[PDB]
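All chains are named by letter (A, B, ...) in the order of the sequence lines, taking the proteins before the strands, and each is independently numbered beginning at 1.
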Amino acid sequence: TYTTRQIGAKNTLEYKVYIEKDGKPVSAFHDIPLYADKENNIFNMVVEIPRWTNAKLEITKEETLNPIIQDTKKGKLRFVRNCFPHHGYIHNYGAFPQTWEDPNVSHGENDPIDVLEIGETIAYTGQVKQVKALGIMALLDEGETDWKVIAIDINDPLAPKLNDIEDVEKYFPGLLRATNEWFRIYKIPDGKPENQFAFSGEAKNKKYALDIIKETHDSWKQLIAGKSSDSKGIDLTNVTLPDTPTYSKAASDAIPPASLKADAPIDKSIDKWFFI
Amino acid sequence: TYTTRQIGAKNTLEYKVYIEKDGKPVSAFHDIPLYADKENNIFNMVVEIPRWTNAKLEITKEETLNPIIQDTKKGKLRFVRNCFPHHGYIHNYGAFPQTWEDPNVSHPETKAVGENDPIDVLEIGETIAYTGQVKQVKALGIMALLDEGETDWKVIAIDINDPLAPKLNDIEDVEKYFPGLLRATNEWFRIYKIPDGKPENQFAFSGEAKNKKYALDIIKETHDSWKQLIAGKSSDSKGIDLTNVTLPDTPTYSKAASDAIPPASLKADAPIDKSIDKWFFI
Ligand SMILES: [Mg+2]
Ligand SMILES: [Mg+2]
Ligand SMILES: [Mg+2]
Ligand SMILES: [Mg+2]
Ligand SMILES: [Mg+2]
Ligand SMILES: [Mg+2]
Ligand SMILES: [Mg+2]
Ligand SMILES: [Mg+2]
């Protein structure tokens, strides 16, 4: 059973969320299997950011067991701004564990592959949900290949009706257009340029997505075994894979206990709707 | 100074918000002056629903001092559903006190009776409001919604404290600084009850937002209707509780009514059923 352990108050520099298996911390990057059911291509998604929130929370590559923490820029907490007509993030936003976009192999981010989960229920930070892949988009975020897998929680009431990317157009009309717009404009309020998509913004289909996911997983297989070119930056401690160099069961025990803190308030500025 | 007095937990049937002046409840409907500054057409807006929320909180016409209470549908809490690409209400949403959309007359602009409520206000500024807030706003324009067949004007307004307020003086300025907001507003009020099994609404003037001058005229009309109502001179007061603590010349004046309200019993927000998360694609 997967739960979460929260250190500190939400919306602070000290905030951290660890994933626990049966009460013990494990690595959110390395220890959650990519597949919940490999035969039927059911994936485990680590959720970072709930739909309709702003705080830019991410699995941290550089800290032990890769807790989810808030991104910062020059010491200041990062929040995505509200870009009309959107409110914060428009998907449950996360990553697949045991994936790595190797920045030495080419057509690369050095991060796990990103996942947009489009189901009805709002997710929680640190949630491990089981999803099926529907398709994939290729954003060029600031000079780099930034895949966005489109997926759905298998528990969603619509899940059996969605198998491939065309089903998103059918049941969620306008969501793909919104996704294109969102990723184009979301950093404009931060003073950054409009982003661009490859494939003229087309969402490639499920087969294409599975190909990309499998290839980011193989790379990761060699990261954690230690045979990769350069795991610089990235911390590779894990506690579930007994025959890896960086297996360190003690890492679990070194994590502080759950702090019991109410969410810190968020600056009223974050309310603002930007018309861009 | 206006403050709020909260009874119970938000998102429960027991929740109530009274508006207070001097730490004592007054009627949210009758005792808050429509005008903060008559000469400059600055209005007091009572906020019911913060932007990007769902709970359908309303001034309660039938309850003494007219606290804000969550509306119910056959005894269950009412939440407006998320209509793609919107999240909850896309405005800070409320009303002008001391107004009444007269249900006892047909309104010539829409050829329909009035909705039986204070006139509704959409406040478009950047800061998310709170339930029971009294804020000062300038009117910019107005739209004529036919909400299930009734005249349901929507005033377009902005908080005078908004950074943009000095640059927003008439309805054209909304399109300039908030491009798309008016078109989205038209869409929102057309579709927002479709997830409840109701039909699409329609607007008069093909959804045109009339200007500030037009808006001030309609607001005046609803203030005049309220004056008749609160004097006991309406042809049908619709079971509205007219109790008030500030209007001595009215038959339902009673400074004492304020004392009979229980003390604040604020509890943490109750959870909302996960169904309310759902995004509807219409
Ligand atoms: Mg990042
Ligand atoms: Mg990512
Ligand atoms: Mg990126
Ligand atoms: Mg990425
Ligand atoms: Mg109503
Ligand atoms: Mg109303
Ligand atoms: Mg209405
Ligand atoms: Mg109304």
_Heavy-atom contacts under 4.5 Å, residues 87-95 of chain B to chain A_ =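 Contacts with chain A: B:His87, B:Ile90.
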*Residue pairs involving residues 168-182 of chain B (criterion salt bridge (charged side-chain N to carboxylate O under 4.0 Å, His left out); sequence neighbours excluded)*: none
*Applying salt bridge (charged side-chain N to carboxylate O under 4.0 Å, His left out), which residue pairs with at least one partner in residues 113-129 of chain A are found, sequence neighbours left out?*
A:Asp114-A:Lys148, A:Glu117-A:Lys129, A:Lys129-A:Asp153
*asked:* Tell me the closest heavy-atom pair linking A:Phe275 and B:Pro179, and the distance in Å.
replied: CD2-O, 3.3 Å
Look at atom [atom1] of [X] and say whether more than 12 heavy atoms of other residues, nucleotides or ligands are closer to it than 6.0 Å.
X	atom1	answer
B:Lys10	NZ	no
B:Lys21	NZ	no
B:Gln136	CD	yes

*Can you tell which part of B:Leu181 gets under 4.5 Å to a heavy atom of chain A, answering side chain, backbone, both or neither?*
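Both backbone and side chain.
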*CD1-CD1 distance between B:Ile272 and A:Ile122, expressed to the nearest 0.5 angstrom*: 9.5 Å
Taking distance alone, no hydrogens or angles, what donor-acceptor pairs closer than 3.5 Å link side-chain atoms of residues 69-80 of chain A to residues at least two apart or in another chain?
{"residue": "A:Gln70", "atom": "NE2", "partner": "A:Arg78", "partner atom": "O", "Å": "2.8"}
{"residue": "A:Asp71", "atom": "OD2", "partner": "A:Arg78", "partner atom": "NH1", "Å": "2.8"}

*Which is it for B:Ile124 and A:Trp273 under the side chain to side chain contact (heavy atoms under 4.5 Å, CB included) test, yes or no, and what are the steps along the way?*
CA-CA 10 Å; B:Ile124 69 175; A:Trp273 228 351; over 6 Å; no
